[PDB]
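What follows is a single chain, given as structure tokens, in the form solved without this ligand.
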């Protein structure tokens, strides 16, 4: 209703975006809207959720969060451009080693530590929401499902949701730790657990089986298996916080972020 639209209109910038930005080039299509490149920036063209998202993004700037630049009123959102694409492209088309996985996990944990200390829960951590820079920069985006703080809304993407979310229990920031654990499984196996199943049967599987099992756990080092176990603990109090996990031994084997640029080149070659 008009009252929420007025609040949204008071938040967006005024002036012609067609006059501030040039060289529009379409680079994608999805559920939300159409993504363009301009001058380098990335512009997504598409109620109370759009307000929460713009507000949370302006208020929570961090080097491990894609920079929100501007918005215009149908609704255009201007972000920094990360030319290396998404982590999804890398996870589905390449074999990442433990040093590369640890580098990505560390970057994601730094973004989560920042968010959780600012009482923000992302609730939609997945490889699709991780953007890569041409230098190997790792950044988090899509704050549409975020909540400012316990919660009990069944919010997220089925395959990456924590059991306490799926079962509609009072939950906290550690739901993002579980989702990161699922994203580390994506990095290992190419997919989150139960992707072959329909989203509802995955929800039942998360609620009944709990901690998912790896297809080949013997292939992982002892320190990596432990890191995953701390991410995917059933008991929320036992599950590690972002601050605690930043000190885990697994992150000490992290390779420089430059080690990710051959993966970006491989993903770009596979998806052409």
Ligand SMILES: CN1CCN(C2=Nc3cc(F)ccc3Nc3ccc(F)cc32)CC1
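Residue numbers count along the first chain shown, from 1.
Between residue 46 and residue 47, how many deposited residues lack coordinates (none, 1 to 3, 4 to 9, 10 or more)? In the deposited sequence, 4 to 9 residues between these two have no coordinates.
Residues with no coordinates between residue 154 and residue 155, taken from the deposited sequence as a class: Missing in between: none.
Looking only at CA atoms, which has the higher mean B factor in the entry: 115-123 or 180-188? Stretch with the higher mean C-alpha B-factor: 115-123.
Of 21-29 and 254-262, which one has the bigger average CA B-factor? Mean B over CA atoms: larger for 21-29.
Member of 170, 109, 95, 138 with the greatest C-alpha B factor (per the PDB record): By C-alpha B-factor in the record, 170 ranks first.
Selection from 200, 131, 102, 161 [criterion: highest C-alpha temperature factor in the record]: It is 200.
Comparing against every modelled residue in the chain, figure out the third that the C-alpha B-factor of residue 148 lands in (lowest, middle or highest). According to the entry, residue 148 has a C-alpha B-factor in the chain's highest third.
In terms of the CA temperature factor given in the entry, to which third of its chain does residue 78 belong: lowest, middle or highest? Ranked within chain, residue 78 CA B lands in the middle tercile.
Sorting the chain's CA B-factors, does residue 65 end up in the lowest, middle or highest third? Bottom third by C-alpha B-factor.
Split the chain's modelled residues into thirds by Cα B-factor; is residue 268 in the lowest, middle or highest one? Lowest third.
Chain-relative CA temperature factor third for residue 219: According to the entry, residue 219 has a C-alpha B-factor in the chain's lowest third.
Another form, the form deposited with this ligand bound, is not on view; read the next lines as being about it.
If you drop this ligand in as it sits in the entry with it bound, superposing on the site C-alphas, does this form leave room, or do 3+ ligand atoms land within 2.4 Å of backbone or C-beta atoms? Judged against this ligand in the entry with it bound, the pocket is blocked.
Can you pick out, from 242, 228, 38, 65, the residue that has a heavy atom within 4.5 Å of this ligand in the entry with it bound? None of the other options qualify; the answer is 65.
Taking this ligand in the entry with it bound as the reference, which of 187, 166, 103, 140 has a non-hydrogen atom within 4.5 Å? Only one option qualifies, and that one is 140.
Within a 4.5 Å heavy atom cut-off, is residue 60 in contact with this ligand in the entry with it bound? Residue 60 belongs to the contact set for this ligand.
Please run the contact check for residue 72 against this ligand in the entry with it bound: heavy atoms, 4.5 angstroms, yes or no? Contact check for residue 72: no, nothing within 4.5 Å of this ligand in the entry with it bound.
Against this ligand in the entry with it bound, would residue 92 count as a contact residue? Criterion: heavy atoms within 4.5 Å. Taking the distances in the entry with it bound, the answer for residue 92 is no, it never comes within 4.5 Å of this ligand.
Residue 96: heavy atom within 4.5 Å of this ligand in the entry with it bound? Residue 96: no contact with this ligand in the entry with it bound.
So which of 192-200, 158-166, 118-126, 179-187 is the stretch with heavy atoms within 4.5 Å of this ligand in the entry with it bound? That would be 118-126.
Looking at this ligand in the entry with it bound, which residues in 43-57 have at least one heavy atom within 4.5 Å of it? Heavy-atom contacts within 4.5 Å come from 53, 56, 57.
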